[PDB]
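Structure data (compact mmCIF, N, CA and C atoms) from target.txt:
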# COMPACT_ATOMS: atom_id res chain seq x y z
N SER N 471 115.88 112.30 126.67
CA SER N 471 115.07 112.99 125.63
C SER N 471 115.70 114.37 125.22
N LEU N 472 115.57 114.68 123.95
CA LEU N 472 116.09 115.92 123.37
C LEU N 472 115.30 117.18 123.81
N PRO N 473 115.98 118.24 124.27
CA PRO N 473 115.19 119.42 124.69
C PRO N 473 114.63 120.24 123.51
N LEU N 474 113.60 121.04 123.82
CA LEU N 474 112.88 121.86 122.85
C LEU N 474 113.81 122.68 121.96
N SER N 475 114.80 123.32 122.55
CA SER N 475 115.66 124.23 121.80
C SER N 475 116.62 123.51 120.82
N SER N 476 117.12 122.32 121.20
CA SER N 476 117.88 121.48 120.26
C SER N 476 117.01 120.99 119.10
N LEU N 477 115.80 120.55 119.41
CA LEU N 477 114.80 120.21 118.40
C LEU N 477 114.55 121.39 117.42
N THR N 478 114.33 122.57 117.95
CA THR N 478 114.08 123.74 117.08
C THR N 478 115.25 124.02 116.14
N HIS N 479 116.45 123.91 116.72
CA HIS N 479 117.68 124.18 116.03
C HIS N 479 117.88 123.23 114.85
N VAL N 480 117.60 121.96 115.05
CA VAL N 480 117.62 121.00 113.94
C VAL N 480 116.59 121.40 112.88
N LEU N 481 115.36 121.65 113.29
CA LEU N 481 114.30 121.93 112.33
C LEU N 481 114.45 123.22 111.52
N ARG N 482 115.16 124.21 112.03
CA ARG N 482 115.20 125.53 111.38
C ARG N 482 116.00 125.54 110.07
N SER N 483 116.87 124.55 109.85
CA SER N 483 117.64 124.48 108.63
C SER N 483 116.96 123.57 107.58
N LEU N 484 115.76 123.07 107.87
CA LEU N 484 115.00 122.30 106.89
C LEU N 484 114.05 123.16 106.07
N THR N 485 113.39 122.56 105.09
CA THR N 485 112.44 123.30 104.23
C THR N 485 111.08 123.48 104.97
N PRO N 486 110.24 124.41 104.51
CA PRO N 486 108.86 124.54 105.11
C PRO N 486 108.01 123.25 105.12
N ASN N 487 108.04 122.52 104.02
CA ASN N 487 107.33 121.27 103.94
C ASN N 487 107.88 120.18 104.88
N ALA N 488 109.20 120.13 105.07
CA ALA N 488 109.77 119.17 106.01
C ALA N 488 109.28 119.45 107.46
N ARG N 489 109.28 120.73 107.84
CA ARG N 489 108.68 121.14 109.11
C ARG N 489 107.20 120.77 109.22
N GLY N 490 106.41 120.98 108.16
CA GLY N 490 105.05 120.49 108.09
C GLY N 490 104.90 119.01 108.31
N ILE N 491 105.78 118.25 107.67
CA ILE N 491 105.78 116.80 107.83
C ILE N 491 105.99 116.41 109.29
N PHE N 492 107.00 117.01 109.90
CA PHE N 492 107.27 116.72 111.29
C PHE N 492 106.10 117.08 112.21
N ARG N 493 105.49 118.25 111.99
CA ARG N 493 104.33 118.69 112.80
C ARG N 493 103.13 117.76 112.66
N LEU N 494 102.90 117.27 111.44
CA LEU N 494 101.81 116.33 111.20
C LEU N 494 102.04 115.03 111.99
N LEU N 495 103.29 114.56 112.00
CA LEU N 495 103.65 113.35 112.75
C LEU N 495 103.49 113.60 114.25
N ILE N 496 103.94 114.75 114.74
CA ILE N 496 103.71 115.09 116.14
C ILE N 496 102.24 114.96 116.47
N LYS N 497 101.39 115.65 115.69
CA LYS N 497 99.91 115.71 115.94
C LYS N 497 99.34 114.29 116.11
N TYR N 498 99.74 113.35 115.27
CA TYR N 498 99.23 112.00 115.40
C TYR N 498 99.64 111.31 116.71
N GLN N 499 100.90 111.50 117.09
CA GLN N 499 101.42 110.94 118.34
C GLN N 499 100.69 111.50 119.56
N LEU N 500 100.56 112.81 119.58
CA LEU N 500 99.92 113.50 120.71
C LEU N 500 98.43 113.21 120.82
N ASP N 501 97.73 113.17 119.68
CA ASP N 501 96.29 112.88 119.70
C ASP N 501 95.99 111.46 120.20
N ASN N 502 96.94 110.53 120.06
CA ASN N 502 96.76 109.14 120.48
C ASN N 502 97.60 108.69 121.69
N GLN N 503 98.17 109.66 122.41
CA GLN N 503 99.10 109.38 123.48
C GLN N 503 98.48 108.55 124.62
N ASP N 504 97.17 108.61 124.81
CA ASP N 504 96.52 107.82 125.86
C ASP N 504 95.98 106.47 125.40
N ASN N 505 96.32 106.07 124.18
CA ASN N 505 95.96 104.75 123.68
C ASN N 505 97.17 103.79 123.61
N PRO N 506 97.23 102.76 124.50
CA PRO N 506 98.38 101.84 124.44
C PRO N 506 98.45 100.97 123.16
N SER N 507 97.39 100.92 122.34
CA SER N 507 97.41 100.20 121.08
C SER N 507 97.97 100.99 119.86
N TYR N 508 98.00 102.35 119.93
CA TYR N 508 98.66 103.20 118.91
C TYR N 508 100.16 102.97 118.98
N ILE N 509 100.73 102.47 117.90
CA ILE N 509 102.19 102.22 117.84
C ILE N 509 102.77 103.05 116.67
N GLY N 510 102.01 104.03 116.21
CA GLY N 510 102.42 104.86 115.08
C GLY N 510 101.69 104.57 113.80
N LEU N 511 102.08 105.32 112.77
CA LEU N 511 101.60 105.21 111.40
C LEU N 511 102.63 104.45 110.55
N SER N 512 102.13 103.67 109.61
CA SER N 512 102.94 103.07 108.58
C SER N 512 103.40 104.16 107.59
N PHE N 513 104.44 103.86 106.82
CA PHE N 513 104.86 104.76 105.75
C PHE N 513 103.74 105.04 104.74
N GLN N 514 103.06 104.00 104.26
CA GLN N 514 102.00 104.21 103.26
C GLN N 514 100.88 105.10 103.82
N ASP N 515 100.55 104.91 105.10
CA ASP N 515 99.51 105.68 105.71
C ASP N 515 99.96 107.14 105.80
N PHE N 516 101.11 107.35 106.43
CA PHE N 516 101.66 108.69 106.60
C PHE N 516 101.89 109.39 105.24
N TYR N 517 102.26 108.61 104.22
CA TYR N 517 102.51 109.18 102.89
C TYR N 517 101.28 109.80 102.31
N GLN N 518 100.20 109.04 102.35
CA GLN N 518 98.88 109.46 101.90
C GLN N 518 98.43 110.68 102.69
N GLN N 519 98.65 110.68 104.00
CA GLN N 519 98.30 111.89 104.82
C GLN N 519 99.10 113.12 104.44
N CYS N 520 100.40 112.94 104.22
CA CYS N 520 101.25 114.03 103.75
C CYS N 520 100.86 114.55 102.38
N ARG N 521 100.47 113.65 101.49
CA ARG N 521 100.06 113.98 100.10
C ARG N 521 98.79 114.80 100.16
N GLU N 522 97.86 114.39 101.03
CA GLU N 522 96.60 115.16 101.14
C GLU N 522 96.79 116.56 101.74
N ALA N 523 97.93 116.81 102.40
CA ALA N 523 98.27 118.14 103.00
C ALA N 523 99.27 118.92 102.13
N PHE N 524 99.59 118.36 100.94
CA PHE N 524 100.48 119.01 99.95
C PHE N 524 101.85 119.27 100.56
N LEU N 525 102.27 118.32 101.40
CA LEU N 525 103.58 118.30 102.08
C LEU N 525 104.63 117.51 101.28
N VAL N 526 104.19 116.64 100.38
CA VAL N 526 105.09 115.80 99.63
C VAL N 526 104.35 115.31 98.39
N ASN N 527 105.11 115.05 97.35
CA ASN N 527 104.48 114.42 96.19
C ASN N 527 105.13 113.15 95.69
N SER N 528 106.23 112.72 96.28
CA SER N 528 106.73 111.38 95.92
C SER N 528 107.10 110.59 97.13
N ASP N 529 106.94 109.27 96.98
CA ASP N 529 107.54 108.26 97.84
C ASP N 529 108.98 108.68 98.15
N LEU N 530 109.77 108.89 97.09
CA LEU N 530 111.21 109.21 97.20
C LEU N 530 111.51 110.37 98.13
N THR N 531 110.81 111.51 97.96
CA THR N 531 111.08 112.70 98.78
C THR N 531 110.71 112.45 100.26
N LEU N 532 109.60 111.76 100.51
CA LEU N 532 109.17 111.48 101.92
C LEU N 532 110.17 110.56 102.61
N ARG N 533 110.57 109.52 101.88
CA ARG N 533 111.49 108.53 102.39
C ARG N 533 112.83 109.22 102.72
N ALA N 534 113.32 110.06 101.79
CA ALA N 534 114.54 110.84 102.04
C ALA N 534 114.41 111.68 103.30
N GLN N 535 113.26 112.29 103.46
CA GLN N 535 113.02 113.19 104.60
C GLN N 535 113.02 112.42 105.92
N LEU N 536 112.34 111.29 105.94
CA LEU N 536 112.28 110.47 107.17
C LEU N 536 113.68 109.93 107.52
N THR N 537 114.46 109.61 106.51
CA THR N 537 115.82 109.12 106.72
C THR N 537 116.73 110.20 107.39
N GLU N 538 116.68 111.43 106.88
CA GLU N 538 117.29 112.61 107.50
C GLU N 538 116.81 112.78 108.96
N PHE N 539 115.50 112.64 109.20
CA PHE N 539 114.94 112.71 110.58
C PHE N 539 115.53 111.62 111.48
N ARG N 540 115.67 110.41 110.94
CA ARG N 540 116.18 109.31 111.74
C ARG N 540 117.62 109.50 112.16
N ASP N 541 118.41 110.08 111.26
CA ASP N 541 119.79 110.36 111.54
C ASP N 541 119.97 111.41 112.63
N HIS N 542 118.97 112.30 112.77
CA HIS N 542 118.91 113.31 113.82
C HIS N 542 118.23 112.79 115.11
N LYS N 543 117.78 111.54 115.09
CA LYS N 543 117.09 110.86 116.19
C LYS N 543 115.72 111.51 116.47
N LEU N 544 115.07 111.97 115.40
CA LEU N 544 113.73 112.58 115.45
C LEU N 544 112.62 111.65 115.04
N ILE N 545 112.97 110.48 114.49
CA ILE N 545 112.03 109.36 114.32
C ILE N 545 112.72 108.08 114.69
N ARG N 546 111.92 107.11 115.08
CA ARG N 546 112.32 105.74 115.39
C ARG N 546 111.22 104.92 114.71
N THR N 547 111.51 103.69 114.37
CA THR N 547 110.52 102.82 113.80
C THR N 547 110.40 101.60 114.67
N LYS N 548 109.27 100.92 114.56
CA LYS N 548 109.07 99.68 115.29
C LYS N 548 108.28 98.79 114.38
N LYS N 549 108.74 97.55 114.19
CA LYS N 549 108.02 96.57 113.37
C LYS N 549 106.74 96.11 114.08
N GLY N 550 105.63 96.07 113.35
CA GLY N 550 104.38 95.54 113.88
C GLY N 550 104.37 94.03 113.74
N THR N 551 103.36 93.39 114.33
CA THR N 551 103.05 91.95 114.14
C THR N 551 103.03 91.49 112.66
N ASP N 552 102.70 92.43 111.79
CA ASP N 552 102.64 92.26 110.34
C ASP N 552 103.97 92.45 109.59
N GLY N 553 105.08 92.70 110.29
CA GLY N 553 106.35 93.03 109.65
C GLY N 553 106.46 94.45 109.08
N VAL N 554 105.45 95.30 109.29
CA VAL N 554 105.42 96.67 108.73
C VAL N 554 106.08 97.64 109.72
N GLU N 555 106.87 98.58 109.20
CA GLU N 555 107.51 99.58 110.03
C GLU N 555 106.50 100.69 110.41
N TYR N 556 106.38 100.96 111.72
CA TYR N 556 105.50 102.02 112.25
C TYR N 556 106.35 103.16 112.78
N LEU N 557 105.91 104.38 112.50
CA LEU N 557 106.70 105.57 112.78
C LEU N 557 106.24 106.27 114.05
N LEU N 558 107.20 106.51 114.95
CA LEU N 558 107.02 107.28 116.19
C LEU N 558 108.18 108.27 116.29
N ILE N 559 108.01 109.31 117.09
CA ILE N 559 109.06 110.28 117.37
C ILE N 559 109.55 110.01 118.78
N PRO N 560 110.87 109.73 118.97
CA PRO N 560 111.34 109.40 120.32
C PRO N 560 111.70 110.66 121.13
N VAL N 561 110.74 111.56 121.30
CA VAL N 561 110.94 112.76 122.08
C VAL N 561 109.75 112.80 123.04
N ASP N 562 109.99 113.18 124.30
CA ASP N 562 108.90 113.37 125.30
C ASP N 562 107.73 114.17 124.75
N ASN N 563 106.52 113.71 125.01
CA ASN N 563 105.32 114.31 124.44
C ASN N 563 105.06 115.73 125.03
N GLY N 564 105.52 115.97 126.24
CA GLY N 564 105.50 117.34 126.81
C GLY N 564 106.34 118.30 125.97
N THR N 565 107.52 117.83 125.53
CA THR N 565 108.39 118.66 124.70
C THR N 565 107.76 118.90 123.34
N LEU N 566 107.19 117.86 122.78
CA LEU N 566 106.51 117.92 121.48
C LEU N 566 105.31 118.87 121.50
N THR N 567 104.54 118.82 122.58
CA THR N 567 103.46 119.76 122.84
C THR N 567 103.96 121.21 122.87
N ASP N 568 105.00 121.47 123.68
CA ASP N 568 105.67 122.78 123.73
C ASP N 568 106.13 123.22 122.35
N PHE N 569 106.66 122.30 121.55
CA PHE N 569 107.06 122.63 120.18
C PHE N 569 105.90 123.17 119.31
N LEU N 570 104.75 122.47 119.33
CA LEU N 570 103.52 122.90 118.61
C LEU N 570 102.95 124.24 119.08
N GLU N 571 102.94 124.46 120.38
CA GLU N 571 102.58 125.76 120.95
C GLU N 571 103.51 126.95 120.59
N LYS N 572 104.73 126.67 120.11
CA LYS N 572 105.67 127.71 119.61
C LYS N 572 105.54 127.88 118.13
N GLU N 573 105.43 126.77 117.40
CA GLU N 573 105.23 126.80 115.93
C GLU N 573 103.88 127.42 115.48
N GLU N 574 103.09 127.94 116.43
CA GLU N 574 101.93 128.75 116.14
C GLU N 574 101.56 129.53 117.42
N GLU N 575 102.08 130.76 117.55
CA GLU N 575 101.77 131.67 118.67
C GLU N 575 102.13 131.09 120.04
Hey, can you dump this file as structure tokens for me?
Amino acid sequence: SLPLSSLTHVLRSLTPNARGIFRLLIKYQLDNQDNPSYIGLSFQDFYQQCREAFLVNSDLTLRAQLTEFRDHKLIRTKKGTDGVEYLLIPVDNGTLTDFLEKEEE
């Protein structure tokens, strides 16, 4: 797993909204970490959530952003029973927690 400081270093060269996007995805993973049936959010679901937080306004920009995240190994996808891609972050949840506690006091 990637350490907190490498994670921060990747994120600091992105835009404010990209950081928001990543934090929103963290929050979903951490809030559901004790549920073995949570396998992540679909793109359409996450897109709508990002749109409601004024983090993104097009399919295109979100998709570009997730693709950049994947190349940095900050997202992974897993196909559901339905053939739909579900989004998770392949970083230890302790590290992700520490990240949120720094990104606000």
| field | Which residue of N:574, N:541, N:529, N:515 approaches residue 557 in chain N most closely, using only C-alpha atoms | value | N:515
What residues in range 475-571 of chain N get the DSSP label strand (DSSP E or B)? Please answer as a PDB file with N, CA and C atoms, keeping the file's coordinate frame.
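Okay, this is what ended up in part_14.pdb:
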ATOM      1  N   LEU N 511     102.080 105.320 112.770  1.00  0.00           N
ATOM      2  CA  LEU N 511     101.600 105.210 111.400  1.00  0.00           C
ATOM      3  C   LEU N 511     102.630 104.450 110.550  1.00  0.00           C
ATOM      4  N   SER N 512     102.130 103.670 109.610  1.00  0.00           N
ATOM      5  CA  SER N 512     102.940 103.070 108.580  1.00  0.00           C
ATOM      6  C   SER N 512     103.400 104.160 107.590  1.00  0.00           C
ATOM      7  N   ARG N 546     111.920 107.110 115.080  1.00  0.00           N
ATOM      8  CA  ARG N 546     112.320 105.740 115.390  1.00  0.00           C
ATOM      9  C   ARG N 546     111.220 104.920 114.710  1.00  0.00           C
ATOM     10  N   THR N 547     111.510 103.690 114.370  1.00  0.00           N
ATOM     11  CA  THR N 547     110.520 102.820 113.800  1.00  0.00           C
ATOM     12  C   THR N 547     110.400 101.600 114.670  1.00  0.00           C
ATOM     13  N   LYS N 548     109.270 100.920 114.560  1.00  0.00           N
ATOM     14  CA  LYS N 548     109.070  99.680 115.290  1.00  0.00           C
ATOM     15  C   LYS N 548     108.280  98.790 114.380  1.00  0.00           C
ATOM     16  N   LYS N 549     108.740  97.550 114.190  1.00  0.00           N
ATOM     17  CA  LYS N 549     108.020  96.570 113.370  1.00  0.00           C
ATOM     18  C   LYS N 549     106.740  96.110 114.080  1.00  0.00           C
ATOM     19  N   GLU N 555     106.870  98.580 109.200  1.00  0.00           N
ATOM     20  CA  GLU N 555     107.510  99.580 110.030  1.00  0.00           C
ATOM     21  C   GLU N 555     106.500 100.690 110.410  1.00  0.00           C
ATOM     22  N   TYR N 556     106.380 100.960 111.720  1.00  0.00           N
ATOM     23  CA  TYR N 556     105.500 102.020 112.250  1.00  0.00           C
ATOM     24  C   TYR N 556     106.350 103.160 112.780  1.00  0.00           C
ATOM     25  N   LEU N 557     105.910 104.380 112.500  1.00  0.00           N
ATOM     26  CA  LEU N 557     106.700 105.570 112.780  1.00  0.00           C
ATOM     27  C   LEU N 557     106.240 106.270 114.050  1.00  0.00           C
ATOM     28  N   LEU N 558     107.200 106.510 114.950  1.00  0.00           N
ATOM     29  CA  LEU N 558     107.020 107.280 116.190  1.00  0.00           C
ATOM     30  C   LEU N 558     108.180 108.270 116.290  1.00  0.00           C
TER      31      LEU N 558
END
| Smallest atom-to-atom distance to residue 503 in chain N: which of N:535, N:471, N:483, N:563, using only N, CA and C atoms? | N:563
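With only C-alpha atoms as the basis for measurement, N:512 is the residue among N:512, N:487, N:475, N:502 that approaches residue 553 in chain N most closely.
One finds atom N of residue 490 in chain N at 18.0 Å from CA of residue 514 in chain N.
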| Can you tell me how far atom C of residue 489 in chain N sits from CA of residue 559 in chain N, in Å to one decimal? | 13.4 Å
Enclose the full set of atoms of range 484-488 of chain N listed in the file within a box whose edges lie along x, y and z, apply 6 Å of padding to each of the six sides, and report centre and edge lengths in Å to one decimal as JSON.
{"center_x": 111.5, "center_y": 121.9, "center_z": 105.9, "size_x": 20.4, "size_y": 17.4, "size_z": 15.9}
| message | From a backbone DSSP assignment, name each residue in chain N labelled helix (DSSP H, G or I), as a ChimeraX atom specification. | response | /N:474-481,486-501,513-522,529-541,563-572
| Which protein, DNA or RNA residues have an atom at most 8 Å from (104.2, 108.7, 97.8), counting only N, CA and C atoms? List them as number ranges by chain. | N: 513-514, 516-518, 521, 526-533
| field | Polymer residues at most 8 Å from range 497-501 of chain N, only N, CA and C atoms, same-chain spacing of 4 or more positions, as a PyMOL selection string | value | chain N and resi 491-493+505+510-511+557-559+563+566-567
| field | Pairwise distance for atom N of residue 552 in chain N and atom C of residue 523 in chain N, rounded to one decimal in Å | value | 28.4 Å
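For the choices N:534, N:484, N:509, N:496, the atom-to-atom distance to residue 556 in chain N is smallest for N:509 when using all atoms listed in the file.
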